Ligand SMILES: Nc1ncnc2c1ncn2[C@@H]1O[C@H](COP(=O)(O)OP(=O)(O)O)[C@@H](O)[C@H]1O
Ligand SMILES: Nc1ncnc2c1ncn2[C@@H]1O[C@H](COP(=O)(O)OP(=O)(O)O)[C@@H](O)[C@H]1O
Ligand SMILES: [Mg+2]
Ligand SMILES: [Mg+2]
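Chains as they are written, first to last, in UniProt numbering: chain A, 229 to 284; chain B, 229 to 284; chain C, 7 to 377; chain D, 7 to 377.
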């Protein structure tokens, strides 16, 4: 019974830790998505300036 | 005994999941760092262009 | 009250209240019924997604434009598009607003009469007026003369105007436009391995055409350069990955405008139908038309067309005349801006086709004095 | 009244009233006649022990599953199983309860028609409805899109769904499942000396597979490690003592899923039939299917499969798309939870096949509008 309690406690902590890690990776994935949007927008604006200048 | 085996299996599963999640988050952080490096490089090139345009 | 300046177009419906700078709501004019079976219950699946909603669910729809070449081929779908435009994109009931539709030149009468009958019976507007799509584009430029080439997505027409007096015998309407360029691009992409067939993938090819294609200043030199170097190959990422590389398909797609023999059409390009439209005019207003050539419509947004066209016309025209091509940056919405200006005029306020007039003469009122 | 959400399955029958979280009674679907002679008189020996009773007397029985691969091969035994399920595990007479069976995709028609004929004639239910086992598993995840890989014990099928519209031309049904993995494990255990032959000992091998086997993240590295160290050898105590030690048989048994060449099957693994099922879909819904890959069914409970499958698909798929594999902890009962949710819906309440309808059109009603 004592060993079962110990193992259950460690497994519960492991579940909590993996939940925290999954939330953290969600946050960082969202941040990378935002920065990818930033690069898309800046490249699009540079292309717009290029086409405006080449087309007067 | 059945409960102990269940708990042990749960612990092993959660530990492996946490290992995979840690490796994945580190890799994604590396990718974000690389894209930020590219953005900074082109931004410095544009800043040089602006420095010259100050003379324009 | 304020007037509704709708502009059916063919490919993008542009609408908004009179007196502004830009249309309030711009969205593709496509109505797509779902084609698969559907297993989830209670998902709230509608029977037809119109407008910009069907450009997001296009993976499981069969989009079909209700306007083929200026003319309207499917009246129920067009009615659905108008109902959506009035109620959901502007949220103004039509019972309290005049409307100003636009129509290409030389279109069938029945199309215009059915349009006015719908607007007066179904939507029950107070008064509607139909205007030629080129006069508005001439309004927006702030000119009063000039020959305007309005190369839309359905049909390209070239209406010359002098001192406000339109010349009805010199209108040259050609049915090559953006849609045929999309089909030709989709047909020449197959030379590298990329096959687009579904009516949904036509939208992807349209996006490729918009973002990458450009008009070459000199065609043979570009064909020679693209066949030796590789400085032209621009890549593009499909909606799922697998980037593609467009080589000399870049300037071959919009070249069809100046050589309609590519898609098998007999007629001459947009560079020579303008000169022919000028030469049909009288001998004393040709200088002014030469100097005030106006471009409009979406398809004239290709990077580098205002130089190719000027070079071609200068080659054709006499050496003494000055050739100038007006290409405002707001080309796409030029017709709608002109429509707003026309609807905002006080002198125009008595030209609307009032409902009592329609009740007395029937739908054939549009061909009468109220044009 | 309440509906009975039965789920025949192949290996475990799961049943319970609609609107709960978990099935009320879960028990193996085996019917085993005794095989020896029997000398005690008056012991009350029955002629066939079904369900969970035959997993305790399995020492003197010959268990035989009535469902081979989704299809039902022995109708009398299946009728016996259903009778047991209704009367002894739930204790509710079927005369007062609608039923919602489940069926694998692409199954023979005669199986479904016989199922409905039995339910309407023998048990005499008020109304029954048959649903595809993958749509329910998609219900349980609370999604409305996604491609679900439901690797049961009989048959593994992979149904892609978008926005509630199932794609019937992209269903890839493969007949490798948990039973073949049990047989292959029983066949490779003989390489150490342990021979299991009797149909009763197949249950022991199944228990070994459930408790010990796991899916390797990388196969060659694990094969190399297990051949040098001894950190993998896990022991297990048979129902009579004589512990056994499983070496590299641990991850070789479930590896058959990703390399069906081990058991001589030609087809590609579950890692590549999902990618093929995606690629048959339209080009505009592939991103959503990539991001919402759903796992279900019992056999997808191996420790470490949600990472191996993601690695494989990421290797196959384009580098830009994000690959995400939904693996809820309640995987085993996902189909039944979805069945309960579907039966609890108000919009679904008029889709049942009412008995008067069956009386008018015969058993072939199931293929008709009431699917
Ligand atoms: N930026 C662009 N570059 C190239 N072609 C464009 C661009 N924008 C629009 N087009 C083409 O023009 C068409 C839209 O033309 P539009 O003026 O909206 O037609 P309409 O006269 O029916 O409103 C699109 O189908 C597209 O093919
Ligand atoms: N915890 C587990 N680990 C590994 N395999 C399992 C586990 N539980 C069940 N299985 C396998 O899955 C099968 C049960 O699958 P199930 O989903 O009940 O099939 P069905 O779709 O017929 O209900 C069993 O035969 C067993 O081989
Ligand atoms: Mg137009
Ligand atoms: Mg199942």
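Quick reminder that beta carbons are idealized off the backbone N, C-alpha and C, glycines included.
In this structure, does DSSP put residue 187(D) in helix, strand or coil?
helix
Inter-stretch contact at 8 Å, needing at least 3 Cβ pairs: the region 313-331 of chain D / the region 246-257 of chain C:
yes
Using a cut-off of 8 Å between C-beta atoms, extract the partners of residue 189(C) located in chain D.
Within chain D, no residue comes near residue 189(C); the closest Cβ sits about 18 Å away, beyond 8 Å.
For chain A, find out if any of its Cβ atoms is closer than 8 Å to the Cβ of residue 309(C); answer yes or no.
yes
Using 8 Å as the limit for Cβ to Cβ distance, is residue 313(D) near chain B?
yes
In chain B, which residues lie less than 9 Å from residue 268(A) when you measure between Cβ atoms?
Near residue 268(A) there are no residues of chain B at all, since even the closest Cβ is about 11 Å away, more than 9 Å.
Output the distance between the C-alpha atoms of residue 296(D) and residue 152(D), rounded to the nearest integer angstrom.
8 Å
With 8 Å as the threshold, decide whether the Cβ of residue 243(B) is near any Cβ in chain D.
no
With contact counted as at least three CB pairs below 8 Å, one residue from each stretch, are the region 9-22 of chain D and the region 34-46 of chain D in contact?
yes
Give the secondary structure of residue 92(C) by DSSP, where H, G and I count as helix, E and B as strand, and everything else as coil.
helix
Check the Cβ of residue 172(D) against every Cβ in chain C and list those closer than 9 Å, keeping chain order.
42, 43, 44, 45 and 46
Pocket of ligand 1 (residues with CB nearer than 5 Å to any heavy atom), chain order
15(C), 16(C), 17(C), 18(C), 158(C), 159(C), 184(C), 216(C), 303(C), 304(C), 305(C) and 307(C)
Taking 7 Å as the cut-off, does the CB of residue 341(C) come closer than this to any heavy atom belonging to ligand 3?
At least one heavy atom of ligand 3 is nearer than 7 Å to the Cβ of residue 341(C), so yes.
Please name the residue, chosen from 261(B), 252(B), 263(B) and 284(B), that lies closest to residue 316(D) on a Cα-to-Cα basis.
Taking only the C-alpha atoms, the option nearest residue 316(D) is 252(B).
Can you tell me which of 370(C), 290(C) and 189(C) puts its alpha carbon nearest to the alpha carbon of residue 268(C)?
189(C)
Taking 8 Å as the CB-CB limit, is residue 168(D) close to chain C?
yes
Under a three-way DSSP split, which group does residue 40(D) fall into?
strand
Would you say residue 141(D) lies against chain C (beta-carbon separation less than 8 Å)?
Taking Cβ atoms only, chain C reaches closer than 8 Å to residue 141(D), which makes this a yes.
So that I know if they touch, is there some Cβ in chain B lying closer than 8 Å to that of residue 235(A)?
yes
Contiguous beta strand (DSSP E) assignments of at least 3 residues, all confined to the region 142-185 of chain C
152-157, 162-168 and 178-180
Do you know how far the Cα of residue 73(C) is from the Cα of residue 126(C)?
Rounded to the nearest angstrom, the two C-alpha atoms are 20 Å apart.
Residue 131(D) and residue 162(D) closer than 8 Å at C-beta:
no
Does the beta carbon of residue 253(B) sit closer than 8 Å to a beta carbon anywhere in chain A?
Yes, contact with chain A.
Okay, do the region 274-285 of chain D and the region 197-204 of chain C touch, 3+ Cβ pairs below 8 Å being the bar?
Counting C-beta pairs closer than 8 Å gives fewer than three between the region 274-285 of chain D and the region 197-204 of chain C, which falls short of the contact rule.
Who does residue 304(C) pair with in a DSSP beta bridge?
None; residue 304(C) has no bridge partner.
Assuming residue 23(D) is part of the alpha helix (DSSP H), what are its boundary residues?
Segment: none, residue 23(D) is in no alpha helix (DSSP H) and carries neither H nor E.
Say whether the region 136-150 of chain D touches the region 340-359 of chain D, bearing in mind that this needs 3 or more beta-carbon pairs closer than 8 Å, one atom from each stretch.
yes
Would residue 160(D) and residue 183(D) be called neighbours here (beta carbons separated by less than 8 Å)?
yes
Could you check where the beta strand (DSSP E) with residue 98(C) kicks off and where it finishes?
Neither: residue 98(C) is in no beta strand (DSSP E) and is coded neither H nor E.
Cβ-based burial, residue 192(C) [other Cβ within 10 Å; buried from 16]:
By the 10 Å Cβ count, residue 192(C) comes out buried.
Can you list, in chain order, the residues of its chain with a C-beta nearer than 8 Å to that of residue 298(C)? Leave out the 5 residues immediately preceding and following it.
149, 151, 152, 153, 330 and 332
Helix, strand or coil at residue 272(C) [DSSP, three-state]:
Residue 272(C) sits in coil when the DSSP states are folded into three classes, being neither helix nor strand.
Expressed to the nearest angstrom, what Euclidean distance is found between the alpha-carbon atoms of residue 42(C) and residue 205(C)?
15 Å
Which value, in whole angstroms, describes the spacing of the CA atoms of residue 24(C) and residue 11(C)?
6 Å
Near residue 55(C), what residues of its chain come up, given a Cβ to Cβ distance below 7 Å and the 5 sequence neighbours on each side ignored?
Closer than 7 Å at Cβ, skipping near neighbours: 38, 63 and 67.
Just reading off the beta strand (DSSP E) that residue 327(C) is part of, what are its end residues?
No beta strand (DSSP E) contains residue 327(C), which DSSP labels as neither H nor E.
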